[PDB]
Structures are given as C-alpha cells and as structure tokens.
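**Student:** A structural model of the following input is requested.
(one chain, ligands or ions: 3)
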Amino acid sequence: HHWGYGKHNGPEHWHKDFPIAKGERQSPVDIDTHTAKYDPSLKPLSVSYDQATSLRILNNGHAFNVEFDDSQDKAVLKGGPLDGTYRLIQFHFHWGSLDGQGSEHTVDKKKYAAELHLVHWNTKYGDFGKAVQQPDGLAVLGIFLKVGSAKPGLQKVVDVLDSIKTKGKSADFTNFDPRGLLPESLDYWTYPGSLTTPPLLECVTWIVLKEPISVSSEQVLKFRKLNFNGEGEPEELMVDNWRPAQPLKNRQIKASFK
Ligand SMILES: NS(=O)(=O)c1ccc(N2CCCC2=O)c([N+](=O)[O-])c1
Ligand SMILES: [Hg+2]
Ligand SMILES: [Zn+2]
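**Tutor:** Numbers count the residues shown, from 1 in each chain. Ligands and ions are numbered 1, 2, ... in the order given. Below is the structure in question.
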C-alpha cells in the first residue's frame with residue numbers, strides 16, 4: 001500500500017513510488033567528524049524565535065508536527081551557509097523503540113535517541129509549496145536528543161501527546177517557545193540534502209547542530225505511546241520512524257568549527 005516504516009512499506013520500498021530515493025543528494029547521512037571540512041567562510045547561525053507563534057500539534061501518521069504561523073517574518077533562521085531569510089513552518093521528531101537508535105543523522109556511526117527537525121522555507125519563494133520546487137528552498141535545523149536529564153522546554157510537548165495519540169488527530173497548541181529546545185552551542189555541520197520522508201525532494205540545506213539536548217527517559221518514552229494508526233484500527237505504536245543513512249556520493253560536509 002502506501003509508505004511508512006514497517007517491514008512491507010519501509011525505507012527499502014520507497015524507490016518504487018518515489019524514484020528519487022536513490023538520488024544524488026539524499027538525507028540522512030552519516031557525518032564523519034574527521035572527513036568534514038572546517039570552513040571559516042561560514043557565518044554564525046542566526047535563530048530569531050522571539051516572535052514565534054505556534055498554532056497546532058498534529059499526528060500525521062508518520063510522526064507528530066507542531067505547526068507555526070508562517071504568514072509573517074516571525075520565527076526566522078538566517079546566517080550560516082544560508083542566503084536570505086527562512087521561516088519556521090513546523091518542527092517534529094524522529095525517535096526509536098530503544099534509547100540506542102532514533103536519530104536519522106549519525107555522528108561517527110553513532111545514533112542518538114531521537115532528532116528534532118525545525119523545518120524552514122526560503123521567503124524569496126512566497127510559500128512552502130514553491131520552496132520545495134527549488135534546490136535551496138528549505139533549511140532544516142537538526143538537533144539530536146540523548147537520554148539523560150529532563151528538558152523543561154520539551155515538557156509542554158510531552159503532556160499534550162495523549163490527545164493526538166492517533167493519525168489525523170490534532171489539538172490547539174499555542175504559545176510554545178521553540179527556543180527552549182535549543183542546545184547551548186550553535187556549532188553545526190551543513191550539507192546539501194533532501195527531505196528524509198516522502199516526497200524526498202532534494203531541496204534542503206541541512207544544518208545539523210553538533211551539540212545534543214538531553215531529555216529524560218520518561219520524556220522519550222511518552223513519544224513511543226503514540227500510534228501510526230487512525231482511531232478504530234489495530235494499534236501500531238509510533239516507533240522507529242527514522243530513515244537509514246544514505247550514500248554521501250558527490251557531497252562534502254562542512255563544519256563551522258575545529
Ligand atoms: N524529516 S524532514 O525534516 O526532512 C521533512 C519531512 C517531510 C516534510 N513534509 C513535506 C510535506 C509535508 C511534510 O511534513 C518536510 N518538509 O516540510 O519539507 C520535512
Ligand atoms: Hg527541490
Ligand atoms: Zn524529520
């Protein structure tokens with residue numbers, strides 16, 4: 001049938017409906033810290049979320065997205081390897097069924113517990129659907145999550161997961177401040193990639209932050225109680241909604257540090 005992360009519709013079957021899966025700039029990738037080139041021409045990352053306006057949280061059957069009001073230059077990301085401004089449209093996670101897997105990007109073949117992706121689109125393109133049609137249309141900020149101490153700013157996300165347990169369910173989720181999810185350092189690795197879930201459009205400029213954020217075992221656990229299925233259908237827990245690392249091919253991962 002249609003895509004997912006199960007044995008019969010998982011990552012290894014996506015190339016049949018979306019031939020771009022075997023593309024030239026696919027994400028995620030394994031970041032080799034010793035092969036990544038330090039580039040001093042890379043400017044600092046500029047995250048301006050002080051005027052962020054969260055609107056809703058939704059379970060789309062592949063994960064839960066927290067959507068923001070992107071009708072104005074409220075929550076933007078600029079600087080880094082980017083040219084111009086990018087509006088935060090939404091953020092989501094990708095976790096595992098166990099604490100030793102869940103991240104999509106790996107650092108030195110190392111996988112973390114999960115991975116937050118704050119999706120952004122280039123404003124010089126008007127809307128989101130026009131950005132996915134250009135090679136520099138999106139900038140996803142990747143933040144790894146490791147199990148350890150709780151993350152206060154992530155708790156308001158965790159408590160509303162009961163009301164979006166199944167596919168297609170939503171809930172009013174305003175006043176969330178994404179700044180409470182950012183690690184202390186903004187060091188990062190950037191590289192040209194794509195979406196990690198279908199359509200798998202090669203339109204992303206990936207900015208994977210070097211520093212991870214810790215979340216309690218209790219916080220990641222409550223992610224695993226969500227379901228892929230819609231209401232009234234046989235329960236399938238939402239776990240391992242991550243794509244395996246892809247070939248780097250004709251690409252170079254740059255770093256803003258040494
Ligand atoms: N996992 S990622 O961040 O690569 C990612 C995965 C999927 C999507 N899309 C595309 C259509 C709806 C949606 O959620 C995006 N995206 O916003 O482009 C991002
Ligand atoms: Hg594109
Ligand atoms: Zn993602």
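**Student:** so how far is residue 167 from the residue sitting furthest away from the middle of the chain?
**Tutor:** Distance from the C-alpha centroid of the chain, by Cα atoms, centre = their mean, peaks at residue 232 (28.7 Å). Distance check for residue 232 against residue 167: by Cβ to Cβ, to the nearest Å, it reads 11 Å. All C-beta spots, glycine's among them, are computed from the backbone N, C-alpha and C.
**Student:** helix, strand, or coil at the residue most central in space within the chain?
**Tutor:** Nearest to the centroid of the C-alpha atoms of the chain, with distances taken as Cα atoms, centre = their mean, sits residue 117, at 2.2 Å. Here residue 117 takes the strand state, with states given by DSSP: H, G, I helix; E, B strand; the rest coil.
**Student:** surely residue 219 is within a strand?
**Tutor:** No: according to three-state DSSP, residue 219 belongs to no strand; its state is helix.
**Student:** in contact with it, which residues are there?
**Tutor:** The neighbourhood of residue 219, defined by Cβ atoms under 8 Å, 6 or more residues apart in numbering, consists of 150, 151, 154, 155, 158.
**Student:** tell me if I'm right that residue 4 and residue 239 touch.
**Tutor:** No: between residue 4 and residue 239 no contact is recorded; they are 11.9 Å apart, counting by Cβ atoms under 8 Å.
**Student:** the closest residue to residue 11 other than its chain neighbours: how many residues sit nearby?
**Tutor:** Among residues not flanking residue 11 along the chain, residue 243 sits closest, at 5.1 Å (Cβ to Cβ, 6 or more residues apart in numbering). Here the number of neighbours of residue 243 (other Cβ atoms under 10 Å) works out to 21.
**Student:** what sits against residue 243?
**Tutor:** Contacts were defined as Cβ under 8 Å, 6+ apart; by that measure residue 243 touches 11, 27, 28, 94, 104, 196, 197.
**Student:** can you report how many residues lie near residue 225?
**Tutor:** Counted with other Cβ under 10 Å, the neighbours of residue 225 add up to 12.
**Student:** the strands in the stretch 51-200 of the chain, which residues?
**Tutor:** Using DSSP state E, counting those that start in this stretch, the strands assigned to the stretch 51-200 of the chain run over residues 54-59, 64-68, 76-79, 86-92, 106-107, 114-122, 138-147, 170-172, 188-193.
**Student:** for the residue lying closest to residue 138 once chain neighbours are set aside, give its distance to residue 18.
**Tutor:** Ranked by Cβ to Cβ, 6+ apart and with sequence neighbours excluded, the top spatial neighbour of residue 138 is residue 204, at 4.6 Å. Plainly put, residue 204 is 15 Å away from residue 18 if you go by Cβ to Cβ.
**Student:** more crowded one of these two?
**Tutor:** residue 204 (25 against 15).
**Student:** next, give phi and psi for the more buried one.
**Tutor:** Backbone geometry at residue 204, expressed as degrees, to the nearest 10, gives phi -100, psi 140.
**Student:** so what's the gap between stretch 46-53 and the chain middle?
**Tutor:** The chain centroid and the centroid of stretch 46-53 are separated by 17 Å, computed with Cα atoms, centre = their mean, to the nearest Å.
**Student:** dump that stretch to PDB, restricted to CA.
**Tutor:** Coordinates of each C-alpha in stretch 46-53 appear next as PDB, following Å, rounded to 0.1, in the frame of the first residue of the first chain:
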ATOM      1  CA  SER A  46      21.100  33.300  13.500                       C
ATOM      2  CA  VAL A  47      18.000  31.900  15.100                       C
ATOM      3  CA  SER A  48      15.400  34.500  15.900                       C
ATOM      4  CA  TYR A  49      12.400  32.800  17.500                       C
ATOM      5  CA  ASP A  50      11.400  35.500  20.000                       C
ATOM      6  CA  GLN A  51       8.200  36.300  18.000                       C
ATOM      7  CA  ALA A  52       7.300  32.600  17.300                       C
ATOM      8  CA  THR A  53       3.600  31.800  17.000                       C
END
